[PDB]
There are 2 protein chains.
Amino acid sequence: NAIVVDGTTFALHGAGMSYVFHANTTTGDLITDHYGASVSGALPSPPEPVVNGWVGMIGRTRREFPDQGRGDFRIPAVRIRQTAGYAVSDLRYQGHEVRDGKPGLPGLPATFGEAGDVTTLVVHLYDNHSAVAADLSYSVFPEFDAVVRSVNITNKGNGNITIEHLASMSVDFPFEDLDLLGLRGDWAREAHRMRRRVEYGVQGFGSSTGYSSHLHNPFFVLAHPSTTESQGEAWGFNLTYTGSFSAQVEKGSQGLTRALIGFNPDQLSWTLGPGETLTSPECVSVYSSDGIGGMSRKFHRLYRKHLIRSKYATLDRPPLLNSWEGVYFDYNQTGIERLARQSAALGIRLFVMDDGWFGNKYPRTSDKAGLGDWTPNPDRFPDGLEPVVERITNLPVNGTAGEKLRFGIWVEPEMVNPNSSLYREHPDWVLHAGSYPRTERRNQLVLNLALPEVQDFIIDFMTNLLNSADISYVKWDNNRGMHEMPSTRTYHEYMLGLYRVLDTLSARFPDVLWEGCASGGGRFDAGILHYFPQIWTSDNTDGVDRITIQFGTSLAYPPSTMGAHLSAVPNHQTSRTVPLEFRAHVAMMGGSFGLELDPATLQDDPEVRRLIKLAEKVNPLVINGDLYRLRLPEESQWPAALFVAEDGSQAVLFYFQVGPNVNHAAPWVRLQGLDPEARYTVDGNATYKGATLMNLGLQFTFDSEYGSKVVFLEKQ
Amino acid sequence: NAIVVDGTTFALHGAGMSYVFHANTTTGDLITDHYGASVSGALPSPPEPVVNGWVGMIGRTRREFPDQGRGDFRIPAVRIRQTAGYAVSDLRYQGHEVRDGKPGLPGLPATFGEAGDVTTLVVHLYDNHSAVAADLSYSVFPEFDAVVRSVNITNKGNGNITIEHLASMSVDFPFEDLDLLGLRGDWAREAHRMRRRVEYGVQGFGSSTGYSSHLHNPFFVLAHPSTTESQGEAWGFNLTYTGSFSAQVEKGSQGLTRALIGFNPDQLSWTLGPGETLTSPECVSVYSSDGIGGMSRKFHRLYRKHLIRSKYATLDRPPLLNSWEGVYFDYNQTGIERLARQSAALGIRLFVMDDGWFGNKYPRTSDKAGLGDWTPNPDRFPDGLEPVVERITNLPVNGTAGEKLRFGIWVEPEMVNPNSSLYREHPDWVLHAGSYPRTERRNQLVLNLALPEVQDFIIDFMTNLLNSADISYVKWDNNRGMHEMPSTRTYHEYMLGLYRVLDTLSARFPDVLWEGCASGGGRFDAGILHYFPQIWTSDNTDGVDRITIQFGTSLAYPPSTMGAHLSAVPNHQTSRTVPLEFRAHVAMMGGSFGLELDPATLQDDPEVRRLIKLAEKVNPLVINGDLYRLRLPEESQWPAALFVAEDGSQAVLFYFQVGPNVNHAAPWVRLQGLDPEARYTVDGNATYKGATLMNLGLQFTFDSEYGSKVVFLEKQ
């Protein structure tokens with residue numbers, strides 16, 4: 001009984017969430033009644049508001065699919081330029097259907113589930129005067145208090161129409177003070193938490209790169225001002241889409257707040273011919289009454305159970321060594337094998353050969369050539385790739401007894417250098433607008449994945465690459481945004497093309513571990529997580545800054561999803577030097593731990609082998625546990641996080657001291673998410689009751705500029 | 001004409017400040033009218049308030065010298081236990097006197113000036129029921145907008161009275177929003193700026209250590225919430241005292257705000273026999289209508305001209321090398337001359353021998369023995385101190401053509417180790433209370449400077465030490481607070497003793513550079529500064545923390561006063577590693593630049609030598625210039641300071657980037673204090689108008705974790 005229909009009243013009920021709206025059988029419009037904690041039985045209906053001035057009754061109600069141009073002066077969820085040239089729309093309720101389970105989304109990633117886990121309501125709207133239909137989908141995963149929404153615009157007329165704006169999700173909030181949380185950043189500093197009070201007017205963010213981007217993530221939280229990581233009410237929203245997007249919160253004149261996410265309107269002019277349909281990407285919505293952190297934990301469990309479809313969602317990731325920051329472009333066969341040998345002697349189970357291996361006539365010896373020609377470079381691999389992959393995958397891994405090293409490889413399929421062979425043959429494969437200059441970023445242009453030719457070029461050279469040697473890992477990079485485009489339609493057709501490609505290649509190679517990447521987290525979104533079980537979090541590999549970046553990213557996405565590598569010091573992006581154990585402890589909070597340096601530069605082998613076994617020990621709890629962000633880096637210089645097994649048997653605490661703490665008391669870190677009346681053994685020694693660890697806590701002191709502790713808890 | 005008297009109205013006028021109060025003919029009370037920017041002529045009087053409830057008229061007025069116990073329930077400026085046992089006091093105006101110049105204070109440090117720079121009004125109050133006189137002094141330095149206040153209480157009856165509380169200055173503000181600024185800290189983190197809204201109730205701070213302490217400085221600012229370093233009204237208050245203090249700011253039930261500073265009342269129980277007198281220390285107050293930075297510049301120029309009496313107040317300090325961090329206790333004759341030789345090799349002009357040189361039967365080889373025994377250790381100085389100091393003062397200074405190195409020494413006169421000959425001889429000289437444990441801090445006790453025996457002991461061993469070799473610099477340290485006291489009287493009696501000793505010694509050796517110290521800034525107050533031209537700012541020598549520490553101290557005291565040493569890395573207090581040029585540039589903001597490291601551990605002699613020459617070049621501006629804090633380290637990671645010559649012909653700009661600035665724009669630093677129409681050549685290259693440098697500014701970028709720039713300006 002997760003969806004309940006009485007009359008025109010639709011109720012979606014999770015475990016501790018409820019979402020209730022109804023159709024007004026006088027105006028035909030869908031009106032929101034409640035989105036929050038559980039309600040049941042009869043609900044109080046609001047007294048009718050007195051109407052004065054220009055704002056009519058339509059400007060005073062909470063709406064679910066608001067249009068503009070018939071009296072509502074607030075931001076709309078939809079804009080349609082009709083065939084006759086009006087931008088008016090009057091979509092009136094027509095009927096509905098409830099079904100158990102969740103239909104797929106055509107050509108797009110979506111959450112999925114079976115009849116027990118999820119129930120779906122589709123509501124049908126129709127415009128009599130313009131012959132346009134809109135179908136609104138609502139799915140409830142009741143276990144996670146999640147509501148997944150998406151919308152369809154179908155043109156049933158006889159001329160064309162243009163969708164000038166189409167929000168995936170559109171919720172109207174009652175009059176109450178709200179705070180908006182987002183993640184903002186840029187290259188080497190993605191996912192910085194920002195929190196601001198919602199003001200009369202518009203605030204929000206989006207992306208115009210054509211991808212979800214480093215600048216803003218397609219994610220935001222509305223909270224009461226008093227809401228913390230563990231107290232109070234939060235509403236999260238996540239767009240399942242890798243393209244441009246727009247997120248907007250508007251507190252209207254009357255005091256109700258409108259929140260909406262979907263396509264970036266400015267890159268959506270979607271012509272619909274008679275009989276065509278536009279399908280928005282899904283938006284996943286979570287409510288929590290247990291603070292922002294409760295909201296995150298439901299997201300994390302939902303994505304790990306009903307979004308990440310790869311067989312690695314719950315499997316542990318091998319500690320890897322990536323060759324980029326250790327060797328950059330300057331190597332050949334000889335060096336790659338040197339890195340692989342030192343890798344397996346240290347206990348690393350997977351070796352990744354990053355940029356620099358490909359191109360022939362135009363070799364990838366720098367930023368400036370070879371993207372597009374995806375065959376090994378004979379100057380560097382004279383007998384091909386397969387014999388080197390062969391010798392690398394015969395190296396035994398230290399401290400393992402049995403297992404041999406695995407090999408992975410870097411690719412950037414959507415891109416081409418002008419100085420390449422592919423570009424010389426197919427210069428029209430790239431994104432461009434007529435005769436305008438083809439602007440480069442890092443000397444490359446973007447391939448037009450809206451063309452089926454370009455799609456099959458990528459599908460084919462990756463199928464051939466993965467069948468040419470023993471490759472069990474692919475890092476799929478993407479190092480610039482879209483600039484000039486042959487039409488506004490191409491923004492979303494590129495993404496439909498990329499999804500066909502990612503869908504084919506990941507279904508075709510289910511045993512490859514695929515890592516997304518885009519100069520780090522430039523495409524860190526649920527859209528990519530559907531096909532890839534993990535994403536390179538950031539090119540910033542500095543211990544101190546990775547704590548801010550990993551904490552912010554975990555606001556929406558599960559730590560299982562985050563790649564994190566121990567790097568060399570002084571750090572190549574910050575120039576900051578941080579001790580080796582601090583750097584490692586930070587990386588162990590990523591689902592996929594690894595090294596990214598020349599192992600020749602690290603001289604304490606027993607320490608490194610000791611940190612790699614610790615990484616393997618904590619990796620199961622990071623993959624499958626629940627995260628409690630005990631102390632945020634934004635609030636203090638002692639950030640801390642707690643991973644609790646889903647069944648409470650075990651926990652691991654990461655606790656850091658960032659600044660020096662000169663001549664001063666240290667705080668107490670208090671845990672949460674334990675059993676108050678249970679006993680827990682802390683790091684094999686003392687034994688405390690759950691209530692003590694949660695209401696008193698532990699205190700750690702350091703006499704150093706940087707300090708860190710990884711502490712294990714066993715229940716009894 | 002700085003003091004205008006009209007009947008019972010008293011007006012104190014400065015360049016842009018007026019301070020106006022009057023005696024109420026009917027009540028005898030001194031009422032404040034205005035403490036702010038200039039007024040003249042007739043002043044508007046407040047309409048009379050309506051009285052309802054328990055708070056009578058006395059609780060609704062602005063009072064100059066408030067008592068309690070006659071209907072004013074607000075915090076009082078004085079409390080006297082009369083001979084009959086009452087704590088009541090009705091001091092009424094009897095008369096006044098205006099004089100040119102300014103009297104000194106009996107036994108206490110105080111500001112000074114001759115006729116043309118300062119004028120003084122004394123108001124006589126007298127209580128006829130109890131025979132108690134009180135005399136309030138107001139002095140105006142018109143050029144600096146400074147009012148200095150102090151009060152004597154004289155017992156003129158036939159019994160004893162007790163002064164249980166006596167504030168040095170007390171102002172009632174009208175009803176208006178106020179912010180309170182102070183300097184808080186502890187060892188190795190002195191002088192952190194703090195700012196808070198003033199609230200209904202009490203707020204403030206003080207010292208219970210017997211000295212002015214690292215924990216709070218005897219200083220505070222009242223400013224409007226909108227007030228910045230360069231805009232708005234600010235009222236500063238500074239207590240010229242090295243002992244315990246209390247500063248309280250109370251917003252009363254009616255909304256007037258009472259500010260008071262003076263003796264700590266809990267450490268003041270002063271009994272006056274018939275005819276006896278108590279003098280409070282003076283309180284300097286500065287008003288500025290040009291922001292908190294304008295108030296500091298007036299404090300800085302007033303202290304340099306009218307407080308710091310040493311001949312070094314406006315003399316350049318020689319670059320010095322201190323042995324403490326390079327060698328600690330472990331050395332003898334041979335290592336001291338090594339350090340001196342190497343120091344002269346770098347261009348260092350003054351070599352200071354720090355702790356560890358003294359002691360005989362209980363040698364000072366560590367923290368645990370020898371304080372009290374101020375003869376040179378024969379195990380470390382077999383032929384005495386004079387032969388070594390002779391060879392040291394013969395070393396020529398490199399790049400100086402002629403000058404010979406000077407020698408300095410460290411002493412801690414007010415302290416004794418139980419393991420010392422002094423203590424076995426005179427065990428009763430230490431501060432103690434009967435048979436209570438003599439609790440130690442850093443293995444030492446405090447000598448009771450209230451006893452003339454102790455004073456004459458300190459004068460004698462310092463005079464014999466300074467006459468026994470060619471010593472031109474003394475570092476007077478003091479490494480613990482007071483604990484047990486033979487009586488409450490002793491808190492102030494100690495200070496009167498300490499000041500007699502500092503007066504005697506500092507006038508007996510006017511050509512020694514005296515530098516105060518107390519575990520860094522434990523006695524960084526106007527009291528010491530009267531006798532010593534510079535003070536060791538903090539034991540923390542980390543370059544990043546000294547920015548905060550030095551900017552903070554500069555809120556009250558001039559940069560010519562602050563000692564700063566370039567240290568080695570990793571830092572001994574923080575463990576931080578910071579680049580040498582950064583470290584060096586931070587230390588050039590203090591008046592006495594120095595080195596505190598073993599010269600053999602230097603990565604670059606040529607770069608050190610070039611940095612010492614740069615210190616000698618910036619020093620005249622730091623000693624005599626006006627400080628403009630352009631950007632505060634509490635507000636961004638780009639702190640900046642500007643020293644402008646009094647005549648505006650030259651300026652030095654210090655600019656810092658503290659953390660890394662990864663992939664992000666940098667701010668503009670905008671100057672101030674220049675002539676908008678003059679032209680100024682920047683670092684011998686470009687030439688810009690003053691308005692351009694002030695309204696647009698300069699921009700600096702960095703590819704590193706830590707950046708710094710020292711940029712010189714010359715009028716044309």
# chains A, B, ... in the order shown; residues from 1 in each chain; ligands from 1
>>> closest_atom_pairs(of="chain B", to="chain A", cutoff="6 Å", atoms="only C-alpha atoms", output="CSV")
residue,atom,partner,partner_atom,distance
B:574,CA,A:660,CA,5.8
B:575,CA,A:705,CA,5.2
B:576,CA,A:705,CA,5.9
B:660,CA,A:574,CA,5.8
B:704,CA,A:575,CA,5.6
B:705,CA,A:575,CA,5.4
>>> write_last_selection(atoms="N, CA, C and O atoms", output="compact mmCIF listing (two decimals), in the first residue's frame")
# COMPACT_ATOMS: atom_id res chain seq x y z
N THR B 574 54.86 24.34 15.89
CA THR B 574 53.73 23.88 15.09
C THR B 574 54.00 22.65 14.25
O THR B 574 53.04 21.98 13.86
N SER B 575 55.26 22.37 13.92
CA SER B 575 55.72 21.31 13.01
C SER B 575 55.54 21.71 11.56
O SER B 575 55.91 20.93 10.67
N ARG B 576 55.01 22.90 11.28
CA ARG B 576 54.81 23.41 9.93
C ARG B 576 56.14 23.70 9.24
O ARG B 576 57.09 24.19 9.85
N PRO B 660 47.09 27.56 -0.21
CA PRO B 660 47.17 27.52 -1.68
C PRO B 660 45.93 28.13 -2.32
O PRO B 660 44.84 28.13 -1.73
N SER B 704 52.11 28.33 -5.65
CA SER B 704 52.73 27.70 -4.49
C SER B 704 51.77 27.75 -3.32
O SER B 704 50.77 28.47 -3.33
N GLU B 705 52.10 26.95 -2.29
CA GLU B 705 51.27 26.88 -1.09
C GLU B 705 51.30 28.19 -0.32
O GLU B 705 50.30 28.58 0.30
>>> residues_around(residues="residue 613 (chain A)", least_positions_apart="4", cutoff="10 Å", atoms="only C-alpha atoms", output="list in words")
residues 319, 347, 348, 399, 608, 609, 617, 618 and 619 of chain A
>>> write_last_selection(atoms="N, CA and C atoms", output="PDB file, in the first residue's frame")
ATOM      1  N   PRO A 319      43.114  -2.491  -4.624  1.00  0.00           N
ATOM      2  CA  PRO A 319      44.093  -1.393  -4.557  1.00  0.00           C
ATOM      3  C   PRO A 319      44.895  -1.324  -5.851  1.00  0.00           C
ATOM      4  N   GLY A 347      52.246  -5.066  -3.116  1.00  0.00           N
ATOM      5  CA  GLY A 347      50.941  -5.633  -2.840  1.00  0.00           C
ATOM      6  C   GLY A 347      49.793  -5.049  -3.648  1.00  0.00           C
ATOM      7  N   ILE A 348      50.076  -4.212  -4.645  1.00  0.00           N
ATOM      8  CA  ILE A 348      49.022  -3.627  -5.459  1.00  0.00           C
ATOM      9  C   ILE A 348      48.499  -4.682  -6.413  1.00  0.00           C
ATOM     10  N   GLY A 399      52.453 -10.705  -0.626  1.00  0.00           N
ATOM     11  CA  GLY A 399      51.597 -10.912   0.531  1.00  0.00           C
ATOM     12  C   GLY A 399      50.225 -11.443   0.183  1.00  0.00           C
ATOM     13  N   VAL A 608      54.294   1.291   3.479  1.00  0.00           N
ATOM     14  CA  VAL A 608      53.335   1.311   2.379  1.00  0.00           C
ATOM     15  C   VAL A 608      52.578  -0.007   2.304  1.00  0.00           C
ATOM     16  N   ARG A 609      53.285  -1.139   2.421  1.00  0.00           N
ATOM     17  CA  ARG A 609      52.593  -2.424   2.446  1.00  0.00           C
ATOM     18  C   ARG A 609      51.656  -2.518   3.637  1.00  0.00           C
ATOM     19  N   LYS A 617      41.502  -3.882   4.590  1.00  0.00           N
ATOM     20  CA  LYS A 617      40.712  -4.202   5.774  1.00  0.00           C
ATOM     21  C   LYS A 617      39.491  -3.297   5.904  1.00  0.00           C
ATOM     22  N   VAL A 618      39.647  -1.996   5.630  1.00  0.00           N
ATOM     23  CA  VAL A 618      38.528  -1.063   5.750  1.00  0.00           C
ATOM     24  C   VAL A 618      37.666  -1.015   4.496  1.00  0.00           C
ATOM     25  N   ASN A 619      38.157  -1.518   3.361  1.00  0.00           N
ATOM     26  CA  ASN A 619      37.385  -1.373   2.132  1.00  0.00           C
ATOM     27  C   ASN A 619      35.996  -1.989   2.222  1.00  0.00           C
TER      28      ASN A 619
END
>>> residues_around(residues="residue 94 (chain A)", least_positions_apart="5", cutoff="12 Å", atoms="only C-alpha atoms", output="PyMOL selection string")
chain A and resi 8+23-25+27-30+122-128+133-136
>>> residues_around(residues="residue 344 (chain A)", least_positions_apart="6", cutoff="9 Å", atoms="only C-alpha atoms", output="ChimeraX atom specification")
/A:350-351,395-398,404-405
>>> residues_around(residues="residue 473 (chain B)", least_positions_apart="3", cutoff="6 Å", atoms="only C-alpha atoms", output="list in words")
residues 408, 512, 513 and 514 of chain B
>>> write_last_selection(atoms="C-alpha atoms", output="compact mmCIF listing (two decimals), in the first residue's frame")
# COMPACT_ATOMS: atom_id res chain seq x y z
CA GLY B 408 73.25 40.60 24.33
CA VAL B 512 71.39 49.05 26.39
CA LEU B 513 68.57 47.88 24.14
CA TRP B 514 66.15 46.37 26.67
>>> residues_around(residues="residue 475 (chain A)", least_positions_apart="5", cutoff="10 Å", atoms="only C-alpha atoms", output="list in words")
residues 322, 352, 353, 354, 355, 408, 409, 410, 411, 412, 513, 514, 515, 516, 517, 518, 532, 534, 535 and 536 of chain A
>>> residues_around(residues="residue 69 (chain B)", least_positions_apart="4", cutoff="10 Å", atoms="only C-alpha atoms", output="ChimeraX atom specification")
/B:73-74,76,79,86-90
>>> write_last_selection(atoms="N, CA and C atoms", output="compact mmCIF listing (two decimals), in the first residue's frame")
# COMPACT_ATOMS: atom_id res chain seq x y z
N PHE B 73 21.92 50.32 39.90
CA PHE B 73 22.18 48.90 39.95
C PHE B 73 23.23 48.44 38.93
N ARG B 74 23.85 49.35 38.19
CA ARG B 74 24.80 48.93 37.16
C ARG B 74 26.19 48.70 37.77
N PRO B 76 29.75 49.15 39.06
CA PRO B 76 30.31 50.43 39.50
C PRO B 76 31.78 50.58 39.13
N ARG B 79 34.28 50.90 44.66
CA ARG B 79 33.60 50.34 45.81
C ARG B 79 34.53 50.54 46.99
N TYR B 86 29.95 50.06 56.16
CA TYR B 86 29.14 50.22 54.96
C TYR B 86 30.02 50.19 53.73
N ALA B 87 29.42 49.75 52.63
CA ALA B 87 30.04 49.84 51.32
C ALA B 87 29.43 50.98 50.50
N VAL B 88 28.92 52.00 51.17
CA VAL B 88 28.28 53.11 50.50
C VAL B 88 29.28 54.24 50.33
N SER B 89 29.00 55.13 49.38
CA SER B 89 29.92 56.12 48.85
C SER B 89 29.07 57.17 48.15
N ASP B 90 29.20 58.44 48.56
CA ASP B 90 28.49 59.55 47.89
C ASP B 90 29.51 60.66 47.57
>>> select_by_dssp(residues="region 446-693 of chain B", states="helix (DSSP H, G or I)", output="ChimeraX atom specification")
/B:452-468,489-508,526-531,543-553,559-561,580-587,599-601,605-624,690-693
>>> select_by_dssp(residues="region 499-625 of chain A", states="strand (DSSP E or B)", output="compact mmCIF listing (two decimals) with N, CA and C atoms, in the first residue's frame")
# COMPACT_ATOMS: atom_id res chain seq x y z
N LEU A 513 35.95 -3.59 -14.68
CA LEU A 513 35.64 -2.51 -13.76
C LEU A 513 35.86 -1.19 -14.50
N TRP A 514 34.78 -0.44 -14.70
CA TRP A 514 34.79 0.82 -15.44
C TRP A 514 34.79 1.98 -14.46
N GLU A 515 35.74 2.90 -14.62
CA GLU A 515 35.82 4.10 -13.80
C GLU A 515 35.56 5.32 -14.68
N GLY A 516 34.54 6.11 -14.34
CA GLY A 516 34.32 7.35 -15.04
C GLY A 516 35.31 8.41 -14.60
N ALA A 518 36.48 12.84 -15.62
CA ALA A 518 36.36 14.01 -16.46
C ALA A 518 37.20 15.14 -15.88
N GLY A 520 38.75 14.60 -13.35
CA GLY A 520 38.21 14.38 -12.02
C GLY A 520 36.70 14.28 -12.05
N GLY A 521 36.04 14.98 -11.13
CA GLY A 521 34.61 14.85 -10.96
C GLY A 521 33.84 15.80 -11.85
N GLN A 534 32.07 3.49 -10.21
CA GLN A 534 33.01 4.35 -9.50
C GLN A 534 33.54 5.42 -10.45
N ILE A 535 33.93 6.55 -9.86
CA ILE A 535 34.28 7.76 -10.60
C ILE A 535 35.49 8.41 -9.93
N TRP A 536 36.42 8.89 -10.74
CA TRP A 536 37.58 9.62 -10.24
C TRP A 536 37.10 10.94 -9.63
N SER A 538 38.48 13.62 -8.18
CA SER A 538 39.11 14.91 -8.38
C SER A 538 40.57 14.72 -8.76
N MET A 562 33.67 6.58 -5.01
CA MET A 562 34.68 7.62 -5.08
C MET A 562 36.07 7.02 -5.18
N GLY A 563 36.77 7.35 -6.26
CA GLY A 563 38.16 6.93 -6.40
C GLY A 563 39.08 7.91 -5.68
N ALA A 564 40.09 7.37 -5.02
CA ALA A 564 40.95 8.19 -4.18
C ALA A 564 42.33 7.56 -4.10
N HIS A 565 43.36 8.34 -4.44
CA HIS A 565 44.72 7.81 -4.57
C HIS A 565 45.68 8.55 -3.66
N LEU A 566 46.47 7.79 -2.91
CA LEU A 566 47.64 8.32 -2.21
C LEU A 566 48.63 8.87 -3.23
N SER A 567 49.02 10.13 -3.07
CA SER A 567 49.88 10.78 -4.04
C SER A 567 51.20 11.24 -3.44
N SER A 592 37.45 3.04 -3.97
CA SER A 592 38.56 2.46 -4.71
C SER A 592 39.83 3.20 -4.30
N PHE A 593 40.64 2.54 -3.49
CA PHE A 593 41.90 3.07 -2.97
C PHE A 593 43.03 2.75 -3.93
N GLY A 594 44.05 3.60 -3.94
CA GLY A 594 45.18 3.32 -4.81
C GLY A 594 46.34 4.26 -4.56
N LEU A 595 47.43 4.00 -5.28
CA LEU A 595 48.62 4.85 -5.32
C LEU A 595 48.67 5.58 -6.65
N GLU A 596 49.10 6.83 -6.64
CA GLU A 596 49.36 7.49 -7.92
C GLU A 596 50.65 8.28 -7.80
>>> closest_residue(among="B:495, B:137, B:437, B:469", to="residue 449 (chain B)", atoms="only C-alpha atoms")
B:495
